[PDB]
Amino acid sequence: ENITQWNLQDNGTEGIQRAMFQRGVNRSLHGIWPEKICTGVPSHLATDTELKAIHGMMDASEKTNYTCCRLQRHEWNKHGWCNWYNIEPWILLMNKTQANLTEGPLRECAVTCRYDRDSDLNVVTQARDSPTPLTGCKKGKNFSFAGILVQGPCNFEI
(Lines of atoms letter the chains of each structure in order from A and count residues from 1; the text may use other names and numbers.)
(Lines give C-alpha, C1' and ligand atoms only; values in the text may rest on other atoms or scores of the structure.)
Protein backbone atom coordinates (compact mmCIF):
# COMPACT_ATOMS: atom_id res chain seq x y z
CA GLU A 1 0.00 0.00 0.00
CA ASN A 2 2.62 2.68 1.05
CA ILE A 3 5.26 3.56 -1.46
CA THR A 4 8.78 3.51 -0.02
CA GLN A 5 11.12 5.57 -2.27
CA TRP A 6 14.82 6.37 -1.98
CA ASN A 7 17.63 8.23 -3.66
CA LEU A 8 20.60 6.42 -5.19
CA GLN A 9 24.09 7.79 -5.77
CA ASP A 10 25.02 9.33 -9.14
CA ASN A 11 27.96 11.73 -9.72
CA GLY A 12 26.19 12.91 -12.86
CA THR A 13 23.20 14.22 -10.87
CA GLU A 14 23.54 17.60 -9.16
CA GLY A 15 22.19 17.52 -5.60
CA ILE A 16 21.80 14.68 -3.07
CA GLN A 17 22.82 12.05 -5.71
CA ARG A 18 26.26 13.70 -6.17
CA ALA A 19 26.69 14.25 -2.39
CA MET A 20 25.88 10.54 -1.83
CA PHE A 21 28.47 9.53 -4.46
CA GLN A 22 31.17 11.75 -2.77
CA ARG A 23 30.34 10.27 0.63
CA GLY A 24 30.20 6.67 -0.50
CA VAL A 25 26.47 6.38 0.28
CA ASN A 26 24.52 4.12 -2.03
CA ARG A 27 20.91 4.52 -0.93
CA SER A 28 19.22 7.28 1.10
CA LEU A 29 15.49 7.14 2.03
CA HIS A 30 13.32 9.81 0.45
CA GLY A 31 10.03 8.80 2.03
CA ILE A 32 7.24 6.38 2.91
CA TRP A 33 4.11 7.52 1.20
CA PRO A 34 0.54 6.46 2.00
CA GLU A 35 -2.27 7.72 -0.33
CA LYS A 36 -3.24 10.63 1.97
CA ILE A 37 -1.14 13.82 1.71
CA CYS A 38 -1.19 15.91 4.87
CA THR A 39 -2.33 19.51 4.46
CA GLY A 40 -2.43 22.28 6.98
CA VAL A 41 -0.76 22.66 10.34
CA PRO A 42 1.03 19.50 11.66
CA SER A 43 -0.18 18.07 15.01
CA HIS A 44 3.45 17.97 16.16
CA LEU A 45 6.42 19.94 14.92
CA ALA A 46 9.30 17.55 14.24
CA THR A 47 12.51 18.53 16.05
CA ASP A 48 16.08 18.13 14.86
CA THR A 49 16.78 15.56 17.59
CA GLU A 50 13.75 13.48 16.51
CA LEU A 51 14.62 13.69 12.80
CA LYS A 52 18.30 12.84 13.36
CA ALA A 53 17.13 9.48 14.80
CA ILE A 54 16.51 8.39 11.13
CA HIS A 55 20.14 7.25 10.82
CA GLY A 56 21.66 7.25 7.34
CA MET A 57 18.94 9.33 5.69
CA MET A 58 20.62 12.28 4.05
CA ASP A 59 18.77 15.56 3.56
CA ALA A 60 18.13 16.49 -0.08
CA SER A 61 18.89 20.16 0.80
CA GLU A 62 22.43 21.62 0.28
CA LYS A 63 21.52 24.19 3.01
CA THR A 64 22.32 21.53 5.56
CA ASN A 65 25.17 20.11 3.40
CA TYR A 66 22.89 17.09 2.73
CA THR A 67 22.67 16.06 6.38
CA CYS A 68 19.50 16.94 8.37
CA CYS A 69 16.67 18.01 8.69
CA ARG A 70 14.95 19.85 5.82
CA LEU A 71 13.88 16.75 3.72
CA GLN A 72 13.24 14.76 6.96
CA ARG A 73 10.88 17.57 8.25
CA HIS A 74 9.19 17.99 4.84
CA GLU A 75 8.48 14.18 4.93
CA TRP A 76 6.84 14.39 8.35
CA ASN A 77 4.95 17.57 7.31
CA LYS A 78 3.59 16.27 3.98
CA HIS A 79 3.23 12.49 4.63
CA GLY A 80 3.78 11.79 8.29
CA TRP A 81 1.59 13.55 10.85
CA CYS A 82 -1.92 12.89 9.47
CA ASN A 83 -1.15 9.20 8.71
CA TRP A 84 0.97 8.08 11.74
CA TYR A 85 -0.50 10.63 14.26
CA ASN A 86 2.55 10.37 16.53
CA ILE A 87 6.11 10.97 15.43
CA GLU A 88 7.62 8.06 17.44
CA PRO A 89 6.19 5.13 15.25
CA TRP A 90 6.96 7.15 12.07
CA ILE A 91 10.63 7.74 13.21
CA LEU A 92 10.93 3.95 13.98
CA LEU A 93 9.53 2.88 10.57
CA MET A 94 11.69 5.43 8.64
CA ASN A 95 14.82 4.48 10.60
CA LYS A 96 14.28 0.71 10.11
CA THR A 97 13.55 1.32 6.37
CA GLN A 98 16.77 3.24 6.02
CA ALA A 99 18.76 0.55 7.99
CA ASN A 100 17.57 -2.06 5.41
CA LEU A 101 18.58 0.34 2.59
CA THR A 102 22.07 0.89 4.06
CA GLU A 103 22.60 -2.88 4.53
CA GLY A 104 21.16 -4.06 1.16
CA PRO A 105 15.86 -5.54 0.26
CA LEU A 106 16.14 -6.00 -2.75
CA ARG A 107 12.73 -5.12 -4.17
CA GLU A 108 14.21 -2.23 -5.97
CA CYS A 109 12.38 -0.65 -8.95
CA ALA A 110 13.63 2.41 -10.87
CA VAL A 111 11.50 5.60 -10.57
CA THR A 112 13.74 8.18 -12.29
CA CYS A 113 16.82 7.83 -14.43
CA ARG A 114 19.58 9.94 -15.98
CA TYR A 115 20.50 8.25 -19.23
CA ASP A 116 24.33 8.35 -19.39
CA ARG A 117 25.63 8.30 -23.03
CA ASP A 118 29.28 7.38 -22.17
CA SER A 119 28.19 4.18 -20.40
CA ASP A 120 24.99 3.67 -22.50
CA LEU A 121 23.19 3.14 -19.11
CA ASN A 122 20.06 4.37 -17.38
CA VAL A 123 21.62 5.54 -14.06
CA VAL A 124 18.82 5.27 -11.47
CA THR A 125 18.68 8.35 -9.23
CA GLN A 126 15.51 7.29 -7.35
CA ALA A 127 13.98 3.82 -6.77
CA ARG A 128 11.03 2.38 -4.89
CA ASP A 129 9.89 -0.99 -3.59
CA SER A 130 7.12 -1.54 -6.27
CA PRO A 131 7.05 -1.08 -10.12
CA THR A 132 5.99 2.32 -11.46
CA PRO A 133 5.98 4.34 -14.77
CA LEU A 134 9.52 5.58 -15.43
CA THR A 135 10.83 9.13 -15.97
CA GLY A 136 14.05 9.91 -17.91
CA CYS A 137 14.89 6.25 -18.71
CA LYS A 138 15.91 5.39 -22.32
CA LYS A 139 13.85 2.37 -23.55
CA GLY A 140 15.89 -0.76 -24.28
CA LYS A 141 18.95 0.27 -22.21
CA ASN A 142 20.22 -1.42 -19.02
CA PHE A 143 19.81 0.05 -15.53
CA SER A 144 22.58 1.01 -13.03
CA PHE A 145 21.37 1.02 -9.36
CA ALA A 146 24.34 2.57 -7.42
CA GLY A 147 26.84 0.61 -9.62
CA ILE A 148 24.72 -2.55 -9.92
CA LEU A 149 23.88 -3.41 -13.54
CA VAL A 150 20.36 -4.85 -14.08
CA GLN A 151 18.57 -5.62 -17.37
CA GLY A 152 15.17 -4.30 -16.43
CA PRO A 153 13.73 -1.54 -14.23
CA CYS A 154 13.46 -3.95 -11.22
CA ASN A 155 16.54 -5.14 -9.16
CA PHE A 156 16.45 -8.06 -6.75
CA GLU A 157 20.16 -8.23 -5.74
CA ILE A 158 21.70 -7.41 -2.31
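Heads up: residue numbers just count along the shown sequence, starting at 1. For clarity, a rigid core is taken as the largest C-alpha set superposing within 1.5 Å between two forms.
- Choosing between 86 to 94 and 106 to 114, the greater Cα displacement from the shown form in 6 other deposited structures of this protein, fitted by the core, goes with 106 to 114.
- Taking 147 to 155 and 3 to 11 in turn, the stretch whose Cα atoms are more displaced from the shown form in 6 other deposited structures of this protein following rigid core superposition is 147 to 155.
- According to the entry, the deposited sequence places 1 to 3 unmodelled residues between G104 and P105.
- In this entry, 111 to 119 has the higher mean Cα B-factor, the comparison being between 111 to 119 and 23 to 31.
- Two stretches are in play, 149 to 157 and 4 to 12, and the higher mean C-alpha B-factor belongs to 149 to 157.
- Among all modelled residues in this chain, the alpha-carbon of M57 has a temperature factor (C-alpha) in the lowest third.
- Ranked against the other modelled residues of its chain, the C-alpha B-factor of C38 as given in the entry falls in the highest third.
- The PDB entry assigns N142 a C-alpha temperature factor belonging to the highest third of its chain's modelled residues.
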